[PDB]
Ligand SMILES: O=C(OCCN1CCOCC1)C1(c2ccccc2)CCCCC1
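Below you'll find only one chain, the form deposited without the ligand, shown as structure tokens.
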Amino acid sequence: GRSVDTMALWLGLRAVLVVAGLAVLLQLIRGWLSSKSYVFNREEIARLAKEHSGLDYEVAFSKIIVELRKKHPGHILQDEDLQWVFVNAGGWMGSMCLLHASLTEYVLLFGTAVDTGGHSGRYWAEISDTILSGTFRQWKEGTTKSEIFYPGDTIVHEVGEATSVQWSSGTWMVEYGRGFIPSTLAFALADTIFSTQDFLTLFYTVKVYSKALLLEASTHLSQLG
């Protein structure tokens, strides 16, 4: 009767429960025990972006790239490899210009020229966004109220945290990520696979990521010999 169907549904739900829980456990294990060698730190990136947040955001972009190259030679992509690529993730749409990426860190310019919003993703990485222009509304898990952030502010999405994110048209920011960067890739690509079907954008995305990894390997080789 209804009791048997309730029992069966409960058994299936418990199966899904243990699957999802062990997936979370494996994410934690891969992340906490991942290597932690860092070229940048989030305070450096945030201070650099905040200093230029009063400029036009594209002038700021350029000045930030020049300063990052000056202070971290061999770790920022060259001009020929810079490209704006759409990012469809968690139900929102923006675009990125990747400057640096390794297994443990990334640096990029991010933003959107449309009003958009959705899920932030949940992964073993600490992400920080410093607003150059626009507005960034963040809604944290377990609460019924959200906060707006403005140019000059830095939002820190912490390890294992999930939020709702919402950007107004014309919102541009500098983003630094630290942790187990591969664990973000799935989230970064899901809407491309299951929603937009935009395989040229996927091509561009994996292309620039591979170029950033190759730059880091080349610099590591040149500095060890």
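Here the rigid core means the biggest group of C-alpha atoms that line up within 1.5 Å when the two forms are laid on top of each other. All residue numbers refer to positions in the sequence shown, first residue = 1. Only residues modelled in both forms are compared.
There is another form of this protein, the form solved in complex with the ligand, and it is not shown here; the text below is about that form.
Trainee: Thinking of the ligand in the entry with it bound, which stretch from 60-68, 187-195, 47-55, 34-42 has heavy atoms inside 4.5 Å of it?
Mentor: Careful reading of the contacts points to 187-195.
Trainee: Please tell me whether any heavy atom belonging to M96 falls inside 4.5 Å of a heavy atom of the ligand, as the geometry stands in the entry with it bound.
Mentor: Result yes; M96 sits at the interface with the ligand in the entry with it bound.
Trainee: Verify the contact flag for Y123: yes if a non-hydrogen atom of it lies within 4.5 Å of a non-hydrogen atom of the ligand in the entry with it bound, no if not.
Mentor: Flag for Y123 set to yes.
Trainee: Would you please decide whether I131 lies within 4.5 angstroms of the ligand in the entry with it bound, comparing each non-hydrogen atom pair?
Mentor: No.
Trainee: Can you work out whether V87 and the ligand are in contact in the entry with it bound, taking contact to mean some heavy atom pair no more than 4.5 Å apart?
Mentor: Within the cut-off, so yes.
Trainee: Identify which of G160, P182, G170, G31 has its C-alpha displaced by 2 Å or more between the shown form and the other one once the rigid core is superposed.
Mentor: C-alpha shift of at least 2 Å: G31.
Trainee: Superposing on the rigid core, I want to see if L214 changes position between the shown form and the other one - specifically a Cα shift of 2 Å or more.
Mentor: No, shifts by less than 2 Å.
Trainee: Indicate closer or farther: the Cα atoms of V39 and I29, in the entry with it bound, relative to the displayed form, with a change of 3 Å or more.
Mentor: It is closer: the C-alpha separation of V39 and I29 falls by at least 3 Å in the entry with it bound.
Trainee: Closer or farther: how do the CA atoms of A190 and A20 lie in the entry with it bound, compared with the form shown, if the change is at least 3 Å?
Mentor: It is farther: the C-alpha separation of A190 and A20 rises by at least 3 Å in the entry with it bound.
Trainee: With the core fixed, which bits of the chain, 3+ residues long, show every Cα moving 2 Å or more between the shown form and the other one?
Mentor: Three-plus residue run displaced between the shown form and the other one: 11-37, uniquely.
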